[PDB]
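Containing compact mmCIF, N, CA and C atoms and all ligand atoms: protein_23.txt.
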```
# COMPACT_ATOMS: atom_id res chain seq x y z
N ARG A 1 -29.34 -8.25 35.04
CA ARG A 1 -28.38 -9.41 35.15
C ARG A 1 -27.65 -9.71 33.83
N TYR A 2 -28.42 -10.09 32.80
CA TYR A 2 -27.91 -10.27 31.43
C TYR A 2 -27.18 -9.01 30.93
N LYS A 3 -27.46 -7.88 31.60
CA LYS A 3 -26.95 -6.55 31.28
C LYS A 3 -25.49 -6.37 31.67
N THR A 4 -25.07 -7.12 32.69
CA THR A 4 -23.72 -7.00 33.26
C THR A 4 -22.64 -7.24 32.20
N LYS A 5 -22.70 -8.33 31.54
CA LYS A 5 -21.71 -8.58 30.49
C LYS A 5 -21.89 -7.71 29.23
N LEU A 6 -23.00 -7.21 28.95
CA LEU A 6 -23.19 -6.45 27.72
C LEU A 6 -22.34 -5.19 27.63
N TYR A 7 -21.87 -4.71 28.77
CA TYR A 7 -21.05 -3.50 28.82
C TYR A 7 -19.71 -3.73 28.11
N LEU A 8 -19.22 -4.98 28.18
CA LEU A 8 -17.93 -5.38 27.62
C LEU A 8 -17.82 -5.27 26.09
N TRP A 9 -18.97 -5.23 25.41
CA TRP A 9 -19.06 -5.00 23.96
C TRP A 9 -18.58 -3.61 23.55
N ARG A 10 -18.77 -2.62 24.42
CA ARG A 10 -18.55 -1.20 24.09
C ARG A 10 -17.12 -0.83 23.72
N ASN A 11 -16.16 -1.26 24.53
CA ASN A 11 -14.77 -0.85 24.36
C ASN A 11 -13.86 -2.02 23.93
N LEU A 12 -14.46 -3.08 23.40
CA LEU A 12 -13.73 -4.28 23.07
C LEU A 12 -12.78 -4.00 21.90
N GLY A 13 -11.51 -4.38 22.06
CA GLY A 13 -10.52 -4.26 21.00
C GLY A 13 -10.68 -5.30 19.90
N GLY A 14 -10.16 -5.01 18.71
CA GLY A 14 -10.09 -6.01 17.67
C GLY A 14 -9.19 -5.69 16.50
N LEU A 15 -9.32 -6.53 15.47
CA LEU A 15 -8.51 -6.48 14.26
C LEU A 15 -8.69 -5.18 13.50
N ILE A 16 -7.63 -4.74 12.84
CA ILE A 16 -7.66 -3.59 11.94
C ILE A 16 -7.73 -4.13 10.50
N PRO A 17 -8.72 -3.68 9.72
CA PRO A 17 -8.83 -4.03 8.30
C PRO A 17 -7.54 -3.70 7.56
N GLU A 18 -7.03 -4.66 6.80
CA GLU A 18 -5.83 -4.47 6.03
C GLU A 18 -5.92 -3.27 5.09
N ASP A 19 -7.01 -3.16 4.33
CA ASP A 19 -7.13 -2.03 3.39
C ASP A 19 -7.04 -0.63 4.04
N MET A 20 -7.62 -0.48 5.23
CA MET A 20 -7.51 0.77 5.98
C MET A 20 -6.09 1.02 6.50
N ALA A 21 -5.42 -0.03 6.93
CA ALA A 21 -4.04 0.08 7.37
C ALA A 21 -3.08 0.45 6.21
N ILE A 22 -3.30 -0.18 5.04
CA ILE A 22 -2.52 0.09 3.82
C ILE A 22 -2.75 1.52 3.33
N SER A 23 -3.97 2.00 3.50
CA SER A 23 -4.25 3.39 3.22
C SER A 23 -3.36 4.34 4.04
N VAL A 24 -3.12 4.01 5.31
CA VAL A 24 -2.29 4.84 6.17
C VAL A 24 -0.84 4.86 5.68
N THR A 25 -0.29 3.68 5.39
CA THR A 25 1.10 3.60 4.91
C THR A 25 1.31 4.17 3.51
N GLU A 26 0.34 4.00 2.62
CA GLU A 26 0.41 4.62 1.30
C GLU A 26 0.43 6.15 1.33
N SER A 27 -0.23 6.77 2.32
CA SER A 27 -0.19 8.23 2.42
C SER A 27 1.18 8.74 2.91
N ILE A 28 1.81 7.99 3.80
CA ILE A 28 3.19 8.22 4.24
C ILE A 28 4.16 8.10 3.04
N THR A 29 4.07 7.00 2.30
CA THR A 29 4.83 6.85 1.05
C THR A 29 4.66 8.07 0.13
N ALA A 30 3.41 8.47 -0.09
CA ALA A 30 3.12 9.64 -0.91
C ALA A 30 3.78 10.89 -0.36
N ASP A 31 3.86 10.98 0.97
CA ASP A 31 4.43 12.13 1.68
C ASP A 31 5.93 12.32 1.43
N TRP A 32 6.73 11.25 1.54
CA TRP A 32 8.16 11.38 1.32
C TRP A 32 8.55 11.50 -0.17
N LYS A 33 7.73 10.94 -1.05
CA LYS A 33 7.95 11.05 -2.49
C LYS A 33 7.68 12.47 -2.97
N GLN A 34 6.59 13.06 -2.49
CA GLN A 34 6.24 14.43 -2.83
C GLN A 34 7.30 15.38 -2.24
N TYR A 35 7.80 15.04 -1.05
CA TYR A 35 8.88 15.78 -0.40
C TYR A 35 10.14 15.74 -1.24
N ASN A 36 10.57 14.54 -1.61
CA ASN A 36 11.76 14.35 -2.44
C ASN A 36 11.67 15.01 -3.82
N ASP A 37 10.50 14.95 -4.44
CA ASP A 37 10.32 15.58 -5.75
C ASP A 37 10.43 17.11 -5.68
N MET A 38 9.84 17.70 -4.65
CA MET A 38 9.92 19.12 -4.34
C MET A 38 11.37 19.54 -4.04
N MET A 39 12.09 18.70 -3.30
CA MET A 39 13.47 18.99 -2.90
C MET A 39 14.44 18.95 -4.09
N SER A 40 14.29 17.92 -4.93
CA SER A 40 15.04 17.79 -6.16
C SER A 40 14.76 18.95 -7.14
N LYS A 41 13.52 19.39 -7.26
CA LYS A 41 13.21 20.56 -8.11
C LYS A 41 13.91 21.83 -7.62
N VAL A 42 13.74 22.15 -6.34
CA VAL A 42 14.37 23.30 -5.70
C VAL A 42 15.91 23.26 -5.83
N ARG A 43 16.50 22.09 -5.59
CA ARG A 43 17.93 21.89 -5.73
C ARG A 43 18.40 22.07 -7.19
N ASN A 44 17.75 21.38 -8.13
CA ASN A 44 18.15 21.41 -9.53
C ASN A 44 17.99 22.80 -10.20
N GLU A 45 16.92 23.50 -9.87
CA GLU A 45 16.65 24.83 -10.41
C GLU A 45 17.59 25.89 -9.85
N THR A 46 17.95 25.74 -8.58
CA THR A 46 18.92 26.62 -7.94
C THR A 46 20.29 26.42 -8.58
N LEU A 47 20.70 25.16 -8.74
CA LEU A 47 21.93 24.82 -9.45
C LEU A 47 22.03 25.45 -10.84
N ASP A 48 20.91 25.47 -11.58
CA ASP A 48 20.86 26.06 -12.93
C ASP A 48 21.05 27.56 -12.88
N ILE A 49 20.35 28.22 -11.96
CA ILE A 49 20.55 29.64 -11.70
C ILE A 49 22.03 29.96 -11.39
N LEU A 50 22.66 29.15 -10.54
CA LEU A 50 24.04 29.39 -10.13
C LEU A 50 25.04 29.24 -11.27
N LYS A 51 24.85 28.19 -12.06
CA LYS A 51 25.61 27.95 -13.28
C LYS A 51 25.51 29.14 -14.25
N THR A 52 24.27 29.56 -14.55
CA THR A 52 23.97 30.72 -15.39
C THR A 52 24.69 31.99 -14.92
N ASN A 53 24.71 32.22 -13.61
CA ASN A 53 25.29 33.43 -13.06
C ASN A 53 26.78 33.32 -12.73
N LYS A 54 27.38 32.19 -13.11
CA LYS A 54 28.83 31.98 -12.97
C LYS A 54 29.26 32.26 -11.52
N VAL A 55 28.43 31.78 -10.61
CA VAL A 55 28.68 31.84 -9.17
C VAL A 55 29.88 30.96 -8.78
N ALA A 56 30.73 31.51 -7.91
CA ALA A 56 31.90 30.79 -7.39
C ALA A 56 31.46 29.59 -6.58
N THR A 57 32.19 28.49 -6.71
CA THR A 57 31.85 27.23 -6.07
C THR A 57 31.85 27.29 -4.53
N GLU A 58 32.64 28.21 -3.98
CA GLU A 58 32.69 28.45 -2.54
C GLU A 58 31.37 29.04 -2.02
N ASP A 59 30.60 29.67 -2.90
CA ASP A 59 29.36 30.33 -2.51
C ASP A 59 28.12 29.45 -2.70
N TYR A 60 28.31 28.24 -3.24
CA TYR A 60 27.20 27.32 -3.50
C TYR A 60 26.43 26.98 -2.23
N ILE A 61 27.13 26.71 -1.12
CA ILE A 61 26.47 26.36 0.14
C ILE A 61 25.52 27.46 0.62
N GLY A 62 25.95 28.71 0.43
CA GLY A 62 25.19 29.89 0.81
C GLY A 62 23.88 29.98 0.05
N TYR A 63 23.96 29.87 -1.28
CA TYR A 63 22.77 29.95 -2.13
C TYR A 63 21.82 28.76 -1.99
N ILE A 64 22.38 27.57 -1.79
CA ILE A 64 21.59 26.37 -1.60
C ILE A 64 20.83 26.46 -0.28
N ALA A 65 21.55 26.87 0.76
CA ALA A 65 20.98 27.06 2.08
C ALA A 65 19.86 28.13 2.04
N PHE A 66 20.07 29.20 1.27
CA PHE A 66 19.03 30.22 1.05
C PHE A 66 17.76 29.64 0.40
N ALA A 67 17.93 28.92 -0.70
CA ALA A 67 16.81 28.32 -1.43
C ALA A 67 16.00 27.40 -0.51
N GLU A 68 16.69 26.60 0.30
CA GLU A 68 16.06 25.68 1.25
C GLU A 68 15.30 26.38 2.38
N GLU A 69 15.94 27.37 3.01
CA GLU A 69 15.25 28.13 4.05
C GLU A 69 14.05 28.91 3.46
N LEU A 70 14.17 29.41 2.24
CA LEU A 70 13.03 30.04 1.57
C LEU A 70 11.88 29.06 1.27
N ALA A 71 12.21 27.90 0.69
CA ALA A 71 11.25 26.82 0.44
C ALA A 71 10.52 26.35 1.70
N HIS A 72 11.24 26.24 2.82
CA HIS A 72 10.62 25.90 4.10
C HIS A 72 9.63 26.96 4.59
N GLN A 73 10.03 28.23 4.54
CA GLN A 73 9.13 29.32 4.97
C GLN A 73 7.89 29.42 4.07
N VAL A 74 8.08 29.15 2.78
CA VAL A 74 6.98 29.16 1.81
C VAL A 74 5.99 28.01 2.06
N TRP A 75 6.51 26.83 2.39
CA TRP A 75 5.66 25.71 2.82
C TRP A 75 4.82 26.07 4.06
N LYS A 76 5.45 26.70 5.05
CA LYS A 76 4.74 27.19 6.23
C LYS A 76 3.67 28.23 5.89
N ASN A 77 3.97 29.13 4.95
CA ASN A 77 3.01 30.14 4.53
C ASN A 77 1.79 29.51 3.85
N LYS A 78 2.04 28.60 2.91
CA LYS A 78 0.99 27.84 2.22
C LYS A 78 0.01 27.18 3.20
N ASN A 79 0.55 26.60 4.27
CA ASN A 79 -0.27 25.89 5.26
C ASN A 79 -0.92 26.79 6.32
N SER A 80 -0.10 27.49 7.09
CA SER A 80 -0.56 28.25 8.25
C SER A 80 -1.22 29.59 7.92
N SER A 81 -0.74 30.25 6.87
CA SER A 81 -1.18 31.60 6.55
C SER A 81 -2.54 31.67 5.84
N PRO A 82 -3.43 32.58 6.31
CA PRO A 82 -4.68 32.92 5.61
C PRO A 82 -4.43 33.69 4.31
N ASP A 83 -3.24 34.29 4.20
CA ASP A 83 -2.78 34.93 2.97
C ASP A 83 -1.31 34.60 2.71
N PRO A 84 -1.04 33.39 2.17
CA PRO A 84 0.34 32.93 1.88
C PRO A 84 1.16 33.87 0.99
N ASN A 85 0.49 34.55 0.06
CA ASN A 85 1.12 35.46 -0.91
C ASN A 85 1.82 36.67 -0.26
N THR A 86 1.22 37.22 0.79
CA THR A 86 1.79 38.36 1.51
C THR A 86 3.01 37.94 2.35
N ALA A 87 2.91 36.76 2.96
CA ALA A 87 3.94 36.24 3.85
C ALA A 87 5.19 35.79 3.08
N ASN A 88 4.98 35.39 1.83
CA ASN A 88 6.05 34.99 0.91
C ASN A 88 6.98 36.13 0.53
N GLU A 89 6.40 37.29 0.28
CA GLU A 89 7.16 38.49 -0.06
C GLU A 89 7.91 39.01 1.17
N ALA A 90 7.30 38.85 2.34
CA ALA A 90 7.92 39.21 3.61
C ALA A 90 9.07 38.26 3.97
N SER A 91 8.89 36.97 3.67
CA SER A 91 9.94 35.95 3.81
C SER A 91 11.12 36.23 2.91
N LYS A 92 10.81 36.58 1.66
CA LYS A 92 11.79 37.05 0.69
C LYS A 92 12.66 38.17 1.28
N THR A 93 12.01 39.26 1.70
CA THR A 93 12.68 40.42 2.32
C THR A 93 13.56 40.01 3.49
N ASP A 94 13.00 39.20 4.40
CA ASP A 94 13.70 38.71 5.59
C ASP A 94 14.95 37.90 5.23
N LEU A 95 14.79 36.93 4.34
CA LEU A 95 15.89 36.03 3.99
C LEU A 95 16.96 36.65 3.08
N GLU A 96 16.53 37.53 2.18
CA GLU A 96 17.45 38.28 1.35
C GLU A 96 18.31 39.24 2.17
N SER A 97 17.72 39.87 3.20
CA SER A 97 18.48 40.69 4.15
C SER A 97 19.54 39.84 4.86
N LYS A 98 19.09 38.71 5.41
CA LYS A 98 19.93 37.81 6.15
C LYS A 98 21.11 37.33 5.30
N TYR A 99 20.83 36.84 4.10
CA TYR A 99 21.86 36.21 3.29
C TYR A 99 22.81 37.18 2.59
N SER A 100 22.35 38.39 2.28
CA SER A 100 23.28 39.41 1.80
C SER A 100 24.07 40.08 2.93
N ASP A 101 23.42 40.43 4.04
CA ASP A 101 24.10 40.97 5.24
C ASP A 101 25.12 40.00 5.86
N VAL A 102 24.66 38.80 6.20
CA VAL A 102 25.48 37.83 6.92
C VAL A 102 26.44 37.07 6.00
N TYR A 103 25.97 36.71 4.80
CA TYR A 103 26.77 35.87 3.92
C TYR A 103 27.31 36.54 2.64
N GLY A 104 26.99 37.81 2.43
CA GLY A 104 27.49 38.53 1.25
C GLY A 104 26.99 37.98 -0.08
N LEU A 105 25.81 37.38 -0.07
CA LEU A 105 25.22 36.80 -1.28
C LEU A 105 24.63 37.92 -2.16
N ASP A 106 24.59 37.69 -3.47
CA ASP A 106 24.12 38.66 -4.47
C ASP A 106 22.60 38.58 -4.61
N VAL A 107 21.95 39.71 -4.37
CA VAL A 107 20.49 39.80 -4.26
C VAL A 107 19.78 39.53 -5.58
N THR A 108 20.42 39.88 -6.70
CA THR A 108 19.82 39.60 -8.01
C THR A 108 19.81 38.08 -8.28
N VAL A 109 20.85 37.39 -7.83
CA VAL A 109 20.87 35.92 -7.84
C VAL A 109 19.82 35.33 -6.86
N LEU A 110 19.67 35.92 -5.68
CA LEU A 110 18.62 35.51 -4.75
C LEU A 110 17.19 35.70 -5.30
N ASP A 111 16.96 36.80 -6.02
CA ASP A 111 15.69 37.07 -6.71
C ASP A 111 15.36 35.96 -7.73
N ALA A 112 16.36 35.54 -8.51
CA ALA A 112 16.19 34.45 -9.46
C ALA A 112 15.72 33.17 -8.76
N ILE A 113 16.45 32.78 -7.71
CA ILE A 113 16.10 31.62 -6.88
C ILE A 113 14.66 31.71 -6.35
N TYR A 114 14.27 32.90 -5.90
CA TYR A 114 12.95 33.13 -5.34
C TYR A 114 11.85 32.78 -6.33
N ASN A 115 12.00 33.26 -7.57
CA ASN A 115 11.03 33.06 -8.64
C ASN A 115 10.92 31.60 -9.09
N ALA A 116 11.99 30.83 -8.89
CA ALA A 116 11.97 29.39 -9.13
C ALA A 116 11.31 28.63 -7.98
N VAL A 117 11.68 28.98 -6.75
CA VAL A 117 11.26 28.24 -5.57
C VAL A 117 9.75 28.38 -5.32
N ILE A 118 9.20 29.57 -5.60
CA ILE A 118 7.80 29.86 -5.30
C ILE A 118 6.80 28.92 -6.03
N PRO A 119 6.86 28.84 -7.38
CA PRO A 119 5.94 27.95 -8.08
C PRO A 119 6.14 26.47 -7.74
N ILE A 120 7.36 26.08 -7.38
CA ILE A 120 7.64 24.71 -6.94
C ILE A 120 6.87 24.36 -5.65
N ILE A 121 6.84 25.29 -4.69
CA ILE A 121 6.20 25.04 -3.39
C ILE A 121 4.70 25.35 -3.42
N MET A 122 4.31 26.37 -4.18
CA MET A 122 2.90 26.75 -4.28
C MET A 122 2.09 25.81 -5.17
N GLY A 123 2.71 25.32 -6.25
CA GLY A 123 2.04 24.40 -7.17
C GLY A 123 2.30 22.93 -6.87
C1 LIG B 201 -15.13 0.76 9.46
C2 LIG B 201 -14.15 -0.21 10.09
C3 LIG B 201 -14.84 -1.39 10.76
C4 LIG B 201 -14.34 -2.70 10.17
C5 LIG B 201 -14.01 -3.68 11.28
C6 LIG B 201 -13.80 -5.08 10.69
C7 LIG B 201 -12.39 -5.21 10.14
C8 LIG B 201 -11.68 -6.45 10.63
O1 LIG B 201 -12.21 -7.50 9.84
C9 LIG B 201 -11.26 -8.51 9.53
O2 LIG B 201 -10.05 -7.90 9.09
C10 LIG B 201 -8.98 -8.83 8.86
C11 LIG B 201 -7.81 -8.04 8.29
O3 LIG B 201 -8.18 -7.43 7.04
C12 LIG B 201 -9.40 -10.02 7.97
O4 LIG B 201 -8.50 -11.11 8.18
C13 LIG B 201 -10.83 -10.52 8.24
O5 LIG B 201 -11.30 -11.41 7.23
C14 LIG B 201 -11.79 -9.34 8.38
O6 LIG B 201 -13.15 -9.78 8.58
```

Please rewrite the model in this file as structure tokens.
Ligand SMILES: CCCCCCCCO[C@@H]1O[C@H](CO)[C@@H](O)[C@H](O)[C@H]1O
Amino acid sequence: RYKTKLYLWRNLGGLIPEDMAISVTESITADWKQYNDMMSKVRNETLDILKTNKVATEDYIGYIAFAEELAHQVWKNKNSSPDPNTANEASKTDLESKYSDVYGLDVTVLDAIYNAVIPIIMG
């Protein structure tokens, strides 16, 4: 008899501790800041490479787009891959083919970008 109401204790809803909730939002904050810092590094280092190589301004979108697609594939390798290092070199090959074949981009300039983007995403 007294047992009937005791079941209601099991699944009863209640308040969420503020400190635990703040922990959730602080990790999200950390997420977009780390994202932005990584993005600014990749962008700024690519820009330096392009300046150094006296790349035409019409080709900036091509090289920037390359650096970004490479950085994204490298992030995926770091996470999903049991051997990120092997998949990175394969991503390099894949994207360098794509961007020189389709967009006429210079592979020695793409190699420079690669060497900048890798430590940014891996470290
Ligand atoms: C391990 C998680 C179990 C903790 C459940 C109790 C948390 C709810 O507890 C309540 O949280 C409110 C918001 O912080 C405060 O206003 C109350 O003083 C606090 O007792």

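When only N, CA and C atoms and all ligand atoms are used to compute distances to ligand LIG 201 (chain B), the closest of the residues A:68, A:19, A:59, A:106 turns out to be A:19.
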
Write as a ChimeraX atom specification the residues around ligand LIG 201 (chain B), taking 6 Å as the cut-off and counting all atoms listed in the file. /A:15-19

Give me the residues within 7 Å of residue A:71 as a PyMOL selection string, counting only N, CA and C atoms and dropping any in the same chain fewer than 6 places off. chain A and resi 117-118+121

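Considering the residues A:74, A:120, A:28, A:90 and counting only C-alpha atoms, residue A:45 has its shortest atom-to-atom contact with A:120.
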
Out of A:89, A:111, A:94, A:69, which residue has the shortest atom-to-atom distance to residue A:49 when counting only C-alpha atoms? A:111

Considering only C-alpha atoms, state which residue in the set A:10, A:98, A:78, A:5 is at the smallest distance from residue A:66. A:98
